Amino acid sequence: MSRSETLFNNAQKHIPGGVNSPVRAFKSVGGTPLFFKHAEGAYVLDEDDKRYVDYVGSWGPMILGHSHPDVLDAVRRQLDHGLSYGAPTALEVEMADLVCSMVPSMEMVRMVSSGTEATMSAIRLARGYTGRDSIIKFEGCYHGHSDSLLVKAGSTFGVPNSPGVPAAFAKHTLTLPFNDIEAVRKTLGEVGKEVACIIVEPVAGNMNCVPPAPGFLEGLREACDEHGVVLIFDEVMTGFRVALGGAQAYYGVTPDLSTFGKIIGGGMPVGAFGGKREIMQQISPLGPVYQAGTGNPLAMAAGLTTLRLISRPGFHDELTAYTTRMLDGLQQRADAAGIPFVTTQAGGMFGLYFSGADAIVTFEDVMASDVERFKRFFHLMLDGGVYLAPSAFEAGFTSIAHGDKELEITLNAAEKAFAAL
Amino acid sequence: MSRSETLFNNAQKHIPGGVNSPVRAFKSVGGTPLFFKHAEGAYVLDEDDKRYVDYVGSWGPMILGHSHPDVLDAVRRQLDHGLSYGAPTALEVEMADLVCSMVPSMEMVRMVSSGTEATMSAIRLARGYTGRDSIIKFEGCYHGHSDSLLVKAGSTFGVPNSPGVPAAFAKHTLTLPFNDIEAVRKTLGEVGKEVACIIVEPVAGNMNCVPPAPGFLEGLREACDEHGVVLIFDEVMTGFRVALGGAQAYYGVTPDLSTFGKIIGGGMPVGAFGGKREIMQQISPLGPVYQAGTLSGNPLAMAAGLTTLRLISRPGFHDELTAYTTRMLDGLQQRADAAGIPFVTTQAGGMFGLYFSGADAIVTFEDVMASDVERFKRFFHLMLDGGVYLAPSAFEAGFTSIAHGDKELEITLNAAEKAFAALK
């Protein structure tokens with residue numbers, strides 16, 4: 001019995017399912033989860049001293065690799081001055097200025113504790129700004145588990161998708177198909193006067209990685225313009241990763257509000273929301289809209305260091321090039337083994353699919369892929385020293401620490417895994 | 001033009017109101033906020049290098065004082081392994097076991113990113129467990145700014161209290177007066193079959209410090225038992241501070257769920273919810289209820305929190321905090337009396353409240369609102385002049401730390417004597 005199996009057994013007594021984060025229980029891939037105790041560069045180390053090339057990166061933040069020495073040094077130096085205060089700091093001013101200089105759509109920005117809180121605040125601001133109650137989201141997108149997002153389409157605009165959520169809290173949420181601009185236009189033509197905002201992951205990352213179809217994001221911008229709707233980009237995963245200026249820069253579409261995740265905290269817990277000044281000015285204390293969440297200096301220090309380091313010229317081109325080499329090598333080995341396989345990519349974000357589709361465009365494409373084969377592939381890849389996302393429905397992430405040695409390990413593991421399928 | 005004034009002016013361009021946390025803008029006390037750059041023990045240092053005796057303690061977490069060397073050392077050693085070295089960790093098991101051993105009502109516990117998300121999860125679990133939709137909260141209590149809590153009483157149970165919140169999201173939230181057990185019993189007699197939970201700060205901390213009236217928490221427990229309602233204690237501020245086992249231990253009332261934060265990350269952002277096993281086991285992945293605020297225990301918060309929780313378990317820790325706090329409040333009262341300034345205080349362990357009021361005691365939210373809030377604002381700035389940093393709001397509890405000793409008491413009392421002399 002391994003150290004991870006022992007910890008997992010012991011964890012069950014006081015932690016539901018043995019995990020604080022549900023996906024970590026391996027229910028989406030089978031087996032018992034690995035416990036980790038160390039990470040460095042492109043690698044994570046489990047409690048049984050096995051080292052894996054990491055393609056989760058704590059779900060996005062670790063674009064510099066784990067334990068980048070400049071980031072760690074910045075946190076170490078900040079530690080001397082205290083873990084937190086109850087009051088404003090110069091670091092928070094530096095961070096707000098830097099983020100708004102890097103992402104032009106951000107004219108003002110707020111730091112909060114999480115992406116979930118950032119979503120709550122952004123939608124509430126959109127509702128306050130427009131005087132409208134309803135929102136549009138897309139099936140397969142994730143913006144946090146707040147009650148009015150725990151909903152599916154109504155056959156009332158929405159109905160709860162899980163227990164503990166009152167029906168009334170779902171009635172203002174419309175759920176439309178990702179990458180279906182005509183459905184957006186039709187819905188806004190019918191009830192657009194009621195819709196405060198459209199929220200979207202510009203690259204979906206929580207139904208595996210699904211990039212936007214041609215014209216989709218541009219169509220959302222135009223439809224929102226025409227109907228007076230606030231366009232919200234959820235860049236918790238895509239921010240500073242698909243490109244320096246995020247998916248909005250990469251695809252050239254400017255939202256009214258954006259949410260950002262732990263990358264701006266260099267890996268430490270944090271979230272942010274920001275965007276057009278006229279909308280942001282409604283937030284307390286100068287405006288009447290309450291904020292969900294009430295700037296940790298370690299996260300600010302880590303994030304400032306991280307954002308400066310990834311501003312090096314060519315950073316995302318290098319990251320993109322590694323990712324393409326990896327996906328190319330995977331496709332080559334899947335083709336050689338006769339395994340239907342297709343990939344998606346947006347910068348340092350990728351998706352792997354056991355599917356015969358020519359391209360993954362819709363939620364239906366995702367759900368139609370061979371999930372059971374992915375589960376087997378995941379465990380075969382663990383055997384080869386590679387740690388993919390433990391779910392067929394989660395995007396993967398590369399880091400600047402991934403180099404020739406990690407690519408060789410990854411491709412050799414995949415060759416053996418494909419042979420065993 | 002001080003460094004803090006320059007920073008506040010520069011912060012306005014890209015941060016709304018110049019602050020990330022609205023109360024930090026000093027709108028509740030007037031003037032412009034102090035920016036801080038260092039803290040140690042009982043002291044905070046502003047950007048102009050003035051030191052203040054601190055009674056905010058980062059709003060609760062710093063019960064050991066700021067920058068406790070053993071806590072900092074634990075974070076430094078944990079740093080050697082990465083900011084987030086992944087998936088479940090042994091530290092998270094160690095934390096869950098320690099919390100449930102220290103707070104016996106917690107049979108299972110989850111760590112999340114904030115107290116706001118802990119509340120969202122705990123209320124959702126209560127709704128799922130009971131099959132009921134409505135909640136009871138108390139006027140003046142704060143559990144996070146989620147939509148269904150941004151509500152006031154209806155004259156439909158609740159209505160939104162601020163813009164951007166649909167009316168439908170307020171209809172299931174009932175608002176009752178804190179410390180009024182008879183109003184709770186009347187409400188449950190009328191609509192109890194609709195009420196999934198009562199959520200309460202067992203000591204109110206977000207309308208200044210208002211301890212529970214005799215029989216109030218016991219009455220909530222009896223009424224919840226009678227009506228099949230889940231009792232939720234919000235111990236984000238009271239937890240590990242009113243007593244080692246929280247306000248639930250101090251007052252001897254056991255809730256069905258509790259929320260925690262602040263002290264359990266040692267100063268780092270984190271929140272938690274936990275309680276009865278039958279309720280908690282509904283949470284994903286084994287049960288059907290979705291969790292708000294998933295972020296597997298970030299290791300620096302787990303290391304800082306484990307070290308903190310062990311240090312505050314030292315024998316007599318909270319007795320020492322209480323004893324300091326009583327000397328301080330007695331000395332403030334003496335000096336206000338000497339100056340002919342109406343004044344009353346509240347205390348619960350390492351939490352306290354200062355009130356410019358002629359009331360014999362502060363029991364209700366109306367008591368808090370009736371007090372002389374403008375005098376508090378003047379008092380706050382006079383205390384800053386004397387090197388003391390109180391909570392910058394007449395509606396926020398104050399906090400003492402184990403680092404507060406004779407020197408800090410002397411500074412605090414001498415500052416207050418000068419401040420009371422300037423108030424009239």
# chains A, B, ... in the order shown; residues from 1 in each chain; ligands from 1

$ residues_around --residues "residue A:226" --least-positions-apart "4" --cutoff "12 Å" --atoms "only C-alpha atoms" --output "count of residues only"
11

$ residues_around --residues "stretch 58-62 of chain B" --least-positions-apart "5" --cutoff "7 Å" --atoms "only C-alpha atoms" --output "mmCIF file with N, CA, C and O atoms, in the first residue's frame"
data_model
loop_
_atom_site.group_PDB
_atom_site.id
_atom_site.type_symbol
_atom_site.label_atom_id
_atom_site.label_comp_id
_atom_site.auth_asym_id
_atom_site.auth_seq_id
_atom_site.Cartn_x
_atom_site.Cartn_y
_atom_site.Cartn_z
ATOM 1 N N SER A 84 -0.247 39.474 5.972
ATOM 2 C CA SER A 84 -1.342 40.291 5.468
ATOM 3 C C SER A 84 -1.510 41.493 6.374
ATOM 4 O O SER A 84 -1.044 41.501 7.517
ATOM 5 N N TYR A 85 -2.172 42.518 5.838
ATOM 6 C CA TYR A 85 -2.655 43.651 6.614
ATOM 7 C C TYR A 85 -4.141 43.820 6.337
ATOM 8 O O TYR A 85 -4.705 43.191 5.439
ATOM 9 N N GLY A 86 -4.785 44.681 7.110
ATOM 10 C CA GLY A 86 -6.181 44.939 6.818
ATOM 11 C C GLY A 86 -6.409 46.183 5.981
ATOM 12 O O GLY A 86 -7.507 46.745 6.016
ATOM 13 N N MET B 237 -15.008 35.172 12.066
ATOM 14 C CA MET B 237 -14.315 36.049 13.009
ATOM 15 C C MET B 237 -14.190 35.460 14.407
ATOM 16 O O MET B 237 -13.146 35.636 15.057
ATOM 17 N N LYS B 262 -9.907 33.163 8.358
ATOM 18 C CA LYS B 262 -8.997 34.025 9.102
ATOM 19 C C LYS B 262 -7.965 33.204 9.876
ATOM 20 O O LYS B 262 -6.940 32.829 9.305
ATOM 21 N N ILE B 263 -8.209 32.872 11.148
ATOM 22 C CA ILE B 263 -7.144 32.212 11.906
ATOM 23 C C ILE B 263 -6.693 30.862 11.296
ATOM 24 O O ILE B 263 -5.540 30.474 11.502
ATOM 25 N N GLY B 266 -3.654 31.237 9.194
ATOM 26 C CA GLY B 266 -2.556 31.951 9.834
ATOM 27 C C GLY B 266 -2.298 33.347 9.310
ATOM 28 O O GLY B 266 -1.243 33.928 9.598
ATOM 29 N N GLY B 267 -3.235 33.914 8.558
ATOM 30 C CA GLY B 267 -3.038 35.186 7.890
ATOM 31 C C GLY B 267 -3.189 35.122 6.388
ATOM 32 O O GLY B 267 -3.386 36.162 5.748
ATOM 33 N N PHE B 399 -10.020 43.714 17.643
ATOM 34 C CA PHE B 399 -9.341 42.454 17.889
ATOM 35 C C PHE B 399 -8.065 42.689 18.672
ATOM 36 O O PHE B 399 -7.288 43.584 18.332
ATOM 37 N N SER B 401 -4.440 40.767 20.277
ATOM 38 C CA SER B 401 -3.518 39.689 19.950
ATOM 39 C C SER B 401 -2.712 39.342 21.188
ATOM 40 O O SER B 401 -2.614 40.128 22.133
#

$ residues_around --residues "residue B:97" --least-positions-apart "2" --cutoff "10 Å" --atoms "only C-alpha atoms" --output "MDAnalysis selection string"
(chainID A and resid 10:11 13:15) or (chainID B and resid 91:95 99:102 106:109)

$ residues_around --residues "residue B:186" --least-positions-apart "5" --cutoff "12 Å" --atoms "only C-alpha atoms" --output "PDB file with N, CA and C atoms, in the first residue's frame"
ATOM      1  N   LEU B 176     -34.286  38.930  10.438  1.00  0.00           N
ATOM      2  CA  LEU B 176     -34.853  39.063  11.772  1.00  0.00           C
ATOM      3  C   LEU B 176     -33.891  39.838  12.670  1.00  0.00           C
ATOM      4  N   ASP B 180     -33.150  38.465  19.216  1.00  0.00           N
ATOM      5  CA  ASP B 180     -34.600  38.455  19.461  1.00  0.00           C
ATOM      6  C   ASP B 180     -35.110  37.030  19.241  1.00  0.00           C
ATOM      7  N   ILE B 181     -35.016  36.200  20.284  1.00  0.00           N
ATOM      8  CA  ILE B 181     -35.418  34.805  20.111  1.00  0.00           C
ATOM      9  C   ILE B 181     -36.919  34.703  19.885  1.00  0.00           C
ATOM     10  N   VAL B 191     -43.723  29.954   9.156  1.00  0.00           N
ATOM     11  CA  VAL B 191     -43.191  29.472   7.884  1.00  0.00           C
ATOM     12  C   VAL B 191     -42.048  28.474   8.068  1.00  0.00           C
ATOM     13  N   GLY B 192     -41.994  27.821   9.229  1.00  0.00           N
ATOM     14  CA  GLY B 192     -40.864  26.957   9.546  1.00  0.00           C
ATOM     15  C   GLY B 192     -40.631  25.848   8.535  1.00  0.00           C
ATOM     16  N   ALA B 223     -35.020  25.902  18.787  1.00  0.00           N
ATOM     17  CA  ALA B 223     -35.998  26.175  17.745  1.00  0.00           C
ATOM     18  C   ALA B 223     -35.644  25.441  16.464  1.00  0.00           C
ATOM     19  N   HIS B 227     -38.058  22.564  14.634  1.00  0.00           N
ATOM     20  CA  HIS B 227     -38.591  22.761  13.293  1.00  0.00           C
ATOM     21  C   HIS B 227     -37.793  22.050  12.200  1.00  0.00           C
TER      22      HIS B 227
END

$ residues_around --residues "stretch 410-420 of chain A" --least-positions-apart "4" --cutoff "6 Å" --atoms "only C-alpha atoms" --output "ChimeraX atom specification"
/A:333,380-381,384

$ residues_around --residues "stretch 240-253 of chain A" --least-positions-apart "4" --cutoff "7 Å" --atoms "only C-alpha atoms" --output "PyMOL selection string"
chain A and resi 102-103+202+217-218+311+316+346-349

$ closest_residue --among "B:307, B:325, B:334, B:161" --to "residue B:70" --atoms "only C-alpha atoms"
B:307

$ residues_around --residues "residue B:22" --least-positions-apart "3" --cutoff "9 Å" --atoms "only C-alpha atoms" --output "count of residues only"
14

$ select_by_dssp --residues "stretch 66-264 of chain B" --states "strand (DSSP E or B)" --output "tab-separated table (two decimals) with N, CA and C atoms, in the first residue's frame"
chain	number	residue	atom	x	y	z
B	66	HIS	N	1.27	40.02	14.34
B	66	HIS	CA	1.78	39.96	12.99
B	66	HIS	C	3.14	39.29	12.96
B	108	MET	N	-16.81	16.45	9.50
B	108	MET	CA	-16.08	16.59	8.25
B	108	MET	C	-15.95	18.08	7.95
B	109	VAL	N	-14.95	18.42	7.15
B	109	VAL	CA	-14.65	19.82	6.87
B	109	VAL	C	-14.09	19.92	5.46
B	110	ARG	N	-14.37	21.06	4.80
B	110	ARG	CA	-13.84	21.40	3.49
B	110	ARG	C	-13.15	22.75	3.56
B	111	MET	N	-12.01	22.86	2.89
B	111	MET	CA	-11.30	24.12	2.73
B	111	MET	C	-11.64	24.73	1.38
B	112	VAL	N	-11.92	26.04	1.37
B	112	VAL	CA	-12.27	26.77	0.16
B	112	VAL	C	-11.49	28.09	0.16
B	134	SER	N	-35.82	28.47	2.03
B	134	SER	CA	-35.62	29.76	2.67
B	134	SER	C	-34.60	29.69	3.79
B	135	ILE	N	-34.04	30.86	4.10
B	135	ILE	CA	-33.07	30.97	5.18
B	135	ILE	C	-33.49	32.14	6.07
B	136	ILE	N	-33.05	32.06	7.32
B	136	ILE	CA	-33.17	33.16	8.27
B	136	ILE	C	-31.77	33.68	8.55
B	137	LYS	N	-31.59	34.99	8.39
B	137	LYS	CA	-30.39	35.69	8.83
B	137	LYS	C	-30.81	36.85	9.72
B	138	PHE	N	-29.84	37.51	10.33
B	138	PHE	CA	-30.11	38.57	11.30
B	138	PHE	C	-29.58	39.90	10.80
B	139	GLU	N	-30.36	40.96	11.01
B	139	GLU	CA	-29.95	42.29	10.57
B	139	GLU	C	-28.66	42.71	11.26
B	151	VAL	N	-29.88	41.60	0.98
B	151	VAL	CA	-31.32	41.67	1.11
B	151	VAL	C	-31.67	42.35	2.42
B	152	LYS	N	-32.86	42.93	2.44
B	152	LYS	CA	-33.45	43.43	3.67
B	152	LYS	C	-34.83	42.81	3.81
B	153	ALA	N	-35.44	43.00	4.97
B	153	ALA	CA	-36.74	42.38	5.20
B	153	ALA	C	-37.79	42.94	4.24
B	158	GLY	N	-37.93	38.58	1.53
B	158	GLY	CA	-36.88	39.57	1.48
B	158	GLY	C	-36.92	40.31	0.16
B	159	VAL	N	-36.33	41.51	0.17
B	159	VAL	CA	-36.12	42.30	-1.04
B	159	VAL	C	-34.65	42.71	-1.15
B	160	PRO	N	-34.13	42.94	-2.35
B	160	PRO	CA	-32.72	43.35	-2.48
B	160	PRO	C	-32.45	44.64	-1.74
B	173	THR	N	-35.02	34.88	1.54
B	173	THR	CA	-34.16	35.23	2.66
B	173	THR	C	-34.95	36.10	3.63
B	174	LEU	N	-35.12	35.60	4.86
B	174	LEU	CA	-35.81	36.30	5.93
B	174	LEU	C	-34.79	37.01	6.82
B	175	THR	N	-35.05	38.27	7.17
B	175	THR	CA	-34.15	39.03	8.03
B	175	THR	C	-34.86	39.36	9.33
B	176	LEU	N	-34.29	38.93	10.44
B	176	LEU	CA	-34.85	39.06	11.77
B	176	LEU	C	-33.89	39.84	12.67
B	177	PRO	N	-34.36	40.36	13.81
B	177	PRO	CA	-33.45	41.13	14.67
B	177	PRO	C	-32.51	40.22	15.46
B	195	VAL	N	-38.06	26.78	5.92
B	195	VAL	CA	-36.77	27.34	6.33
B	195	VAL	C	-35.74	26.22	6.40
B	196	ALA	N	-34.75	26.29	5.50
B	196	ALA	CA	-33.67	25.31	5.48
B	196	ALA	C	-32.66	25.54	6.59
B	197	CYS	N	-32.35	26.80	6.91
B	197	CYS	CA	-31.30	27.06	7.88
B	197	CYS	C	-31.49	28.42	8.53
B	198	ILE	N	-30.95	28.53	9.73
B	198	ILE	CA	-30.66	29.82	10.36
B	198	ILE	C	-29.15	29.99	10.34
B	199	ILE	N	-28.68	31.12	9.82
B	199	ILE	CA	-27.25	31.43	9.85
B	199	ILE	C	-27.06	32.63	10.76
B	200	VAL	N	-26.04	32.57	11.60
B	200	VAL	CA	-25.82	33.61	12.60
B	200	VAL	C	-24.34	33.69	12.92
B	204	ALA	N	-21.80	38.87	17.06
B	204	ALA	CA	-21.78	39.71	15.87
B	204	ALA	C	-20.48	40.51	15.83
B	210	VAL	N	-21.23	42.61	19.04
B	210	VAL	CA	-22.46	42.43	19.81
B	210	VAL	C	-22.53	40.98	20.28
B	230	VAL	N	-31.53	23.57	9.87
B	230	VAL	CA	-30.08	23.47	10.07
B	230	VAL	C	-29.58	24.76	10.72
B	231	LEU	N	-28.88	24.63	11.85
B	231	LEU	CA	-28.28	25.78	12.52
B	231	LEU	C	-26.85	25.96	12.02
B	232	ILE	N	-26.55	27.12	11.43
B	232	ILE	CA	-25.22	27.42	10.88
B	232	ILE	C	-24.60	28.55	11.68
B	233	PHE	N	-23.42	28.29	12.25
B	233	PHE	CA	-22.65	29.32	12.95
B	233	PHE	C	-21.58	29.84	12.01
B	234	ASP	N	-21.60	31.15	11.78
B	234	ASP	CA	-20.56	31.81	11.00
B	234	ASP	C	-19.49	32.21	12.00
B	257	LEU	N	-23.74	23.16	11.17
B	257	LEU	CA	-22.64	23.53	10.29
B	257	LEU	C	-21.99	24.77	10.85
B	258	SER	N	-20.71	24.96	10.54
B	258	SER	CA	-19.98	26.17	10.89
B	258	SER	C	-19.13	26.59	9.71
B	259	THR	N	-18.86	27.89	9.62
B	259	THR	CA	-17.90	28.40	8.65
B	259	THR	C	-16.75	29.01	9.42
B	260	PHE	N	-15.56	28.87	8.87
B	260	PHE	CA	-14.35	29.36	9.50
B	260	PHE	C	-13.54	30.11	8.46
B	261	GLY	N	-12.56	30.85	8.95
B	261	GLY	CA	-11.60	31.49	8.08
B	261	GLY	C	-10.55	32.15	8.93

$ closest_residue --among "A:113, A:92, A:56, A:106" --to "residue A:386" --atoms "only C-alpha atoms"
A:56

$ atom_distance --atom1 "atom CA of residue B:378" --atom2 "atom CA of residue B:391"
12.7 Å

$ closest_residue --among "A:341, A:389, A:57, A:89" --to "residue A:370" --atoms "only C-alpha atoms"
A:341

$ closest_residue --among "B:162, B:20, B:121, B:113" --to "residue A:131" --atoms "only C-alpha atoms"
B:162

$ closest_residue --among "B:105, B:347, B:281, B:208" --to "chain A" --atoms "only C-alpha atoms"
B:281

$ closest_residue --among "B:33, B:163, B:154, B:228" --to "residue A:129" --atoms "only C-alpha atoms"
B:163

$ select_by_dssp --residues "stretch 167-240 of chain A" --states "alpha helix (DSSP H)" --output "PyMOL selection string"
chain A and resi 181-191+216-227

$ decode --residues "stretch 244-331 of chain B" --atoms "C-alpha atoms" --output "tab-separated table (two decimals), in the first residue's frame"
chain	number	residue	atom	x	y	z
B	244	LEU	CA	-9.94	27.95	21.34
B	245	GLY	CA	-13.07	26.03	20.31
B	246	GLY	CA	-14.75	29.19	19.01
B	247	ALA	CA	-17.92	30.86	20.19
B	248	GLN	CA	-19.68	27.50	20.03
B	249	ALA	CA	-17.35	26.19	22.76
B	250	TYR	CA	-17.41	29.42	24.76
B	251	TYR	CA	-21.22	29.55	24.92
B	252	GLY	CA	-21.66	25.76	24.84
B	253	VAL	CA	-24.09	25.58	21.90
B	254	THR	CA	-23.47	23.07	19.09
B	255	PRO	CA	-24.38	24.06	15.51
B	256	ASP	CA	-25.05	21.72	12.61
B	257	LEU	CA	-22.64	23.53	10.29
B	258	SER	CA	-19.98	26.17	10.89
B	259	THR	CA	-17.90	28.40	8.65
B	260	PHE	CA	-14.35	29.36	9.50
B	261	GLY	CA	-11.60	31.49	8.08
B	262	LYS	CA	-9.00	34.03	9.10
B	263	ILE	CA	-7.14	32.21	11.91
B	264	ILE	CA	-7.08	28.83	10.07
B	265	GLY	CA	-4.80	30.16	7.32
B	266	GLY	CA	-2.56	31.95	9.83
B	267	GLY	CA	-3.04	35.19	7.89
B	268	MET	CA	-3.28	33.74	4.38
B	269	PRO	CA	-6.57	33.73	2.45
B	270	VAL	CA	-8.68	30.64	3.08
B	271	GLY	CA	-12.12	29.68	4.31
B	272	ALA	CA	-13.76	26.49	5.51
B	273	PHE	CA	-17.12	24.90	6.17
B	274	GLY	CA	-17.86	21.79	8.14
B	275	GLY	CA	-20.14	20.08	10.60
B	276	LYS	CA	-22.42	17.08	10.94
B	277	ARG	CA	-21.33	14.13	8.82
B	278	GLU	CA	-24.82	13.44	7.38
B	279	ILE	CA	-25.05	17.00	6.05
B	280	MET	CA	-21.46	17.29	4.82
B	281	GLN	CA	-21.45	14.01	2.93
B	282	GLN	CA	-23.91	15.51	0.41
B	283	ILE	CA	-21.09	17.60	-1.05
B	284	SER	CA	-19.43	16.64	-4.34
B	285	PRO	CA	-17.83	14.31	-5.41
B	286	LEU	CA	-19.56	11.63	-3.38
B	287	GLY	CA	-22.80	13.60	-2.98
B	288	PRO	CA	-24.82	15.70	-5.42
B	289	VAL	CA	-24.36	19.23	-4.02
B	290	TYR	CA	-21.82	21.46	-5.77
B	291	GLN	CA	-19.19	23.31	-3.72
B	292	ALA	CA	-18.49	27.03	-4.07
B	293	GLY	CA	-14.88	28.10	-4.06
B	294	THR	CA	-13.00	24.92	-4.80
B	295	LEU	CA	-9.27	25.35	-4.38
B	296	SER	CA	-7.47	22.40	-2.83
B	297	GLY	CA	-5.78	23.68	0.34
B	298	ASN	CA	-3.02	25.95	-0.88
B	299	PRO	CA	0.13	24.83	0.94
B	300	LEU	CA	1.33	28.14	2.41
B	301	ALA	CA	-2.04	28.72	4.07
B	302	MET	CA	-2.08	25.13	5.34
B	303	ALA	CA	1.44	25.49	6.77
B	304	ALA	CA	0.73	28.88	8.35
B	305	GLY	CA	-2.61	27.68	9.70
B	306	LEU	CA	-1.29	24.43	11.18
B	307	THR	CA	1.47	26.32	12.99
B	308	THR	CA	-0.97	28.97	14.22
B	309	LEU	CA	-3.56	26.49	15.46
B	310	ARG	CA	-0.91	24.63	17.45
B	311	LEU	CA	0.52	27.81	18.96
B	312	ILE	CA	-2.86	29.10	20.15
B	313	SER	CA	-3.53	25.73	21.82
B	314	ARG	CA	-0.99	26.67	24.51
B	315	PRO	CA	-2.62	26.49	27.97
B	316	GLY	CA	-4.32	29.71	29.03
B	317	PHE	CA	-3.92	31.44	25.66
B	318	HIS	CA	-7.42	32.85	25.43
B	319	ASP	CA	-7.57	33.61	29.15
B	320	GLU	CA	-4.53	35.87	28.62
B	321	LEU	CA	-6.20	37.60	25.66
B	322	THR	CA	-9.36	38.10	27.67
B	323	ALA	CA	-7.44	39.49	30.64
B	324	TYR	CA	-5.63	42.06	28.51
B	325	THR	CA	-8.84	43.01	26.75
B	326	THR	CA	-10.63	43.55	30.08
B	327	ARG	CA	-7.84	45.81	31.39
B	328	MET	CA	-8.00	47.82	28.18
B	329	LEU	CA	-11.79	48.21	28.15
B	330	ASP	CA	-11.85	49.07	31.86
B	331	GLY	CA	-9.18	51.70	31.25
